[PDB]
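>>> sequence isn't available, so here's the structure alone:
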RNA sequence: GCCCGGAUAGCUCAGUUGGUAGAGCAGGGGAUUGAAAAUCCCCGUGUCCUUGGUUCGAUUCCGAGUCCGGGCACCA
């Protein structure tokens, strides 16, 4: 019935799962009983380690005092898995106990080419700064992390390199903004576009987004009948749309969020940001935009003499609900005076 | 660094600091100013630390109106060099400040700001200060 | 028995006390071939271990297993 109820040399009922050899009889009492077991005796006769116990048996143990130890033969002489998970650590804690040494030479190998290149700490505590995320429970694991690779280092060696200052590395990510020029190159050869600018209730008409100012749902958006080559959706309350000769060419059109599927991939939204210039500021404004669903195309930024920075975000955003929420995501620091577009 | 763009001479004599201020003796382009009460040199380093502490406290500055400017340069030798053998290379800059000289101003912000604003800049100058309103 | 963390693309590895997700390689897309390599470029291509859970989105926060990794206890 999945368990054996065996007896100890006193005569107490020892509740263990079924199929147990007398090696499994040891670890219910104490783990060092398994460290010192030689043989076994059940009911007068010695029994072999090849014997599997039955429910209701008195098991006497031939135990050395402190002299003897395990082998590789015992690692499959553990039938019951919960006692075998002790056996998964039993033969481990004498082999890995040796392998703290090969851990120690190779844990301290991987540090100084990645971490103690620049730290140079003696006596070291930076390798023991991973005593807060990993369940070390003592210093044995932090020194034998590679001796078994149950911790699987270059994860914990990357925890050594967790120091992410990244001021030049954001300028390296400003170079990513330099290298991303080529996202307009999928805007030859067509782009996946719906009827998104609904032209006065009439669909399927040639319109284009205005480069004077970007058509977004702030003020309403108006299509100007050009002489040709397209129709510009000039985003009313623009200085170009207000000074129009031939007002008949302006057409009241729709931004068309009313359809089945809204436009998932609107883009080209440039944002003017006037913030006060301090240190540790320009990276963090890029960091709130980081991990937010927003692609950055141009980082044009400068600060005056009086350190009120005039920076610009020619970025990508898709909805006015996506815009105005992210508009209230440049304001996490409160050093920034205002924001425009 | 408020650096002058092109100066007639790289190096000048160090001058003697006697007399009152010629001009800049009363705040008039703002309403809350700061006269110095003593006389020493003031560098671009002593204006950078001055001008930063102006706007960190105000959090929205109207204007600042930095009056003085580092006109006169100054030189020293490279270190561990025996005397003589040429006046050294120009190293920093000096704003020549007589006592009673209006240093900074505050444009249109309240007194309890301004009493605390020019306080936080007075500990970046080597000169005792006082608080002067517009008259 | 006890508690303490990881359960992330195909594979490596970034997201981390809350923005669903990257990057590398592999791999695929076709040009050209018997198909390869070479040359031309393109593309992420994810039960975030499940079960639940306070919800006006959770890979992370919480419990519950399971699982991995531990060091303490328990001598018949």
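Great, that's in hand. Numbering: from 1, shown residues only, chains lettered A, B, ... in the order given.
>>> what's the first helix or strand after the longest helix along chain B?
Of all segments of type helix in chain B, defined using DSSP state H, the longest is helix B:45-58. Toward the C-terminus, helix B:45-58 is succeeded by strand B:72-75 as the next helix or strand (DSSP states H and E).
>>> what's in contact with that next one?
Strand B:72-75 has contacts (C-beta atoms under 8 Å, 6 or more residues apart in numbering or on different chains) with B:7, B:10-12, B:14-15, B:41, B:87-96. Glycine gets a C-beta too; all of them are placed from N, C-alpha and C.
>>> run the last query once more with 6 Å
If you take C-beta atoms under 6 Å, 6 or more residues apart in numbering or on different chains as the criterion, strand B:72-75 is touched by B:11, B:12, B:87, B:88, B:90, B:93, B:94, B:96.
>>> and what of stretch A:292-309?
Counting by C-beta under 6 Å, 6+ apart, A:174, A:177, A:275-277, A:310-312, A:314-317, A:326 sit against stretch A:292-309.
>>> return the member of the residues you listed nearest to RNA strand C.
residue A:326 (9.7 Å; C-beta to the nearest atom of the strand).
>>> confirm that closest one sits in a strand?
No. With DSSP: H, G, I helix; E, B strand; the rest coil as the criterion, residue A:326 is assigned helix and is not in a strand.
>>> quick check: the residue of the stretch 101-250 of chain A nearest chain B.
residue A:167 (19.1 Å; C-beta to the nearest C-beta).
>>> for residue A:118, see how far away that residue is.
Distance of residue A:167 to residue A:118, given as C-beta to C-beta, to the nearest Å: 15 Å.
>>> SS state for residue A:142?
helix.
>>> neighbours around residue A:176, how many?
12 (other C-beta atoms under 10 Å in any protein chain shown).
>>> tell me the SS of it?
Residue A:176 ends up helix, using three-state DSSP.
>>> same thing with residue B:94?
strand.
>>> okay, and the beta partners of it?
residue B:72 (DSSP bridges).
>>> all helices of chain B, in order?
Using DSSP H, helices in chain B cover B:45-58, B:111-117, B:119-122.
>>> in chain A, which helix is the longest?
Under DSSP H, chain A gives helix A:92-112 as its longest helix.
>>> so which elements touch that helix?
On a contact count with 3 or more C-beta pairs under 6 Å, 6 or more residues apart in numbering or on different chains; DSSP states H and E, helix A:92-112 meets helix A:140-143, helix A:145-148.
>>> can we see that at 10 Å?
helix A:31-35, helix A:81-90, helix A:140-143, helix A:145-148, helix A:156-160 (3 or more C-beta pairs under 10 Å, 6 or more residues apart in numbering or on different chains; DSSP states H and E).
>>> quick one: buried residues of the first one?
By neighbour count, with 16 or more other C-beta atoms under 10 Å in any protein chain shown as the criterion, the buried positions of helix A:31-35 are A:34, A:35.
>>> is it positioned near RNA strand C?
Yes. With C-beta under 7 Å from any atom of the strand as the criterion, RNA strand C is reached by helix A:31-35 at A:31, A:32, A:33.
>>> ok, the second one to residue A:75 distance?
Okay, so that is residue A:32. 18 Å.
>>> now swap in the last one and tell me
Using C-beta to C-beta, one obtains 18 Å as the distance from residue A:33 to residue A:75.
>>> and for the residue in chain B positioned nearest to RNA strand C, the neighbour number?
The nearest approach of chain B to RNA strand C comes at residue B:59, 25.8 Å away (C-beta to the nearest atom of the strand). By other C-beta under 10 Å, 11 other residues sit near residue B:59.
>>> again with the one 10 residues further on
Counted with other C-beta under 10 Å, the neighbours of residue B:69 add up to 14.
>>> still on that earlier bit, tell me which of the helices and strands packed on helix A:92-112 sits most buried.
helix A:145-148 (a mean of 22; mean count of other C-beta atoms under 10 Å in any protein chain shown).
>>> the residue lying farthest from the centre of chain B and chain A: what is the separation?
Relative to the centre of chain B, and counting by C-alpha atoms, centre = their mean, the farthest-placed residue is residue B:82 at 32.3 Å. As judged by C-beta to the nearest C-beta, to the nearest Å, residue B:82 and chain A stand 39 Å apart.
>>> backbone phi and psi for that residue, please?
Torsion angles at residue B:82 (phi, psi; degrees, to the nearest 10) stand at phi -60, psi 160.
>>> now swap in residue A:275 and tell me
Taking degrees, to the nearest 10 as the convention, residue A:275 sits at phi -120, psi 150.
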